[PDB]
Structure formats: C-alpha cells, structure tokens
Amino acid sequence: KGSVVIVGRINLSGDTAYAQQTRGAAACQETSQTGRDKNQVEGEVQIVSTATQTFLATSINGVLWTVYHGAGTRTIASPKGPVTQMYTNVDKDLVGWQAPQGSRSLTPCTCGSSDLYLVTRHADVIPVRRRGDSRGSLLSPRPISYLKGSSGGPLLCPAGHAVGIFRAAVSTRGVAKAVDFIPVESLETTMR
C-alpha cells in the first residue's frame, strides 16, 4: 500500500480555469512506493491518484482536503517523503493533510450564496443551486460518468470561496440531478 501521488493540478486563479497534468499514470510507481515526490506543488486543487484511480484534493485554510473513499488512510507523497494524514473522518468521508509548501488555499465562504459552482477534474465549472446544508442541484442533469474522478474537488461561491468538497453524486438511474458535498463548516468542526 503506497502514497497518494499528485499527478496534476487545477488553477482557479486569474481569469481562466484550467487543468495541467504533471505526472503520467505510467508512472507513479516509484513516487507511490517511496512517498518522495520532487515536484513543487502549485494551485488550489490537486489532481491525485492511487494505483488505478484518480480524484481531486482541495486546499482550504492551509489543509489539503480530499475524500476518504479515494485516499483511504494513505500518506501523500511530497518532496520530504510521505506525509501522514492530519485529519481522518470515515463517517464524513473526509481526509486532510497539511497543505503542501507552495500551495494556494481557498478561503472558506461566508457569503451565504445560493448559487454555487462545482469544479470538475477537467476544470469545467458547473452551476449548482444550493438545496440544504450538504446538497445542491445541478441545473443540467449529468451522467454519473461525467462526475466520476471529481470527488475531493471544490464547490465555490460566485466570489470563488470554498463552500464545500464534492463527496457523492445523487444518482437516479445512473443520472445525477444533484450533488452531495462536505460543507466548509464541517471542515471547521473537524479542525476544532
């Protein structure tokens, strides 16, 4: 069992969101096994990988957060070797490590906005209407396949603050009409 490896990143700053791949699937074996990753981290959102699966991780308040169902209890690879998890909550599906040096963190939202935006692993930014503490509705339904690999990514408010971490798709016969997320307030409670 190896470390989670950063294989890309998503930029949310400036005027244009974009994805950049920094490491190929072939291969992350050495980095996985050793937990030593030479690459200097950038950006707010990391594209991360285990042996055969990819997902996202988001820096908020100096902690790099992701989903347990992706990371498990794994360390994350870094230039100084494997980094042990700071936070682990299986009930919430939540993992956090100390944010990598050179990372930019998002600020938790206190706007109270109903209009949210989900950032996918391809750096698509899709509108979500908030509908409860941990739920939002997609304005356009999407096959679940479209959202697979985007867990751990941010839901943002219009000003680009973090509102939550994408956890699960609300699936009706293989089609997502809504998304379930870990709200930033819940991240705060975990940090208590």
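Sequential numbering from 1, following the sequence displayed.
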Worksheet entry | Stretch with the greater mean C-alpha B-factor as recorded in the entry, comparing 18-26 against 179-187 | 18-26
Response to the item:
Once average C-alpha B-factors are taken from the entry for 27-35 and 58-66, the winner is 27-35
Item to complete: Would you mind finding, among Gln85, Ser105, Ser78, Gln101, the residue with the largest C-alpha temperature factor in the entry?
Response: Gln101
Fill in: Selection from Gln40, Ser151, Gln46, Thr50 [criterion: highest C-alpha temperature factor in the record]
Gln40
Worksheet item: Considering only modelled residues of the same chain, in which third does the CA B-factor of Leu94 rank: lowest, middle or highest?
Response: lowest
Worksheet item: How does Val163 rank on Cα B-factor within its chain, lowest, middle or highest third?
Response: middle
Worksheet entry | Entry-reported Cα temperature factor of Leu155, expressed as the chain third it lands in | lowest
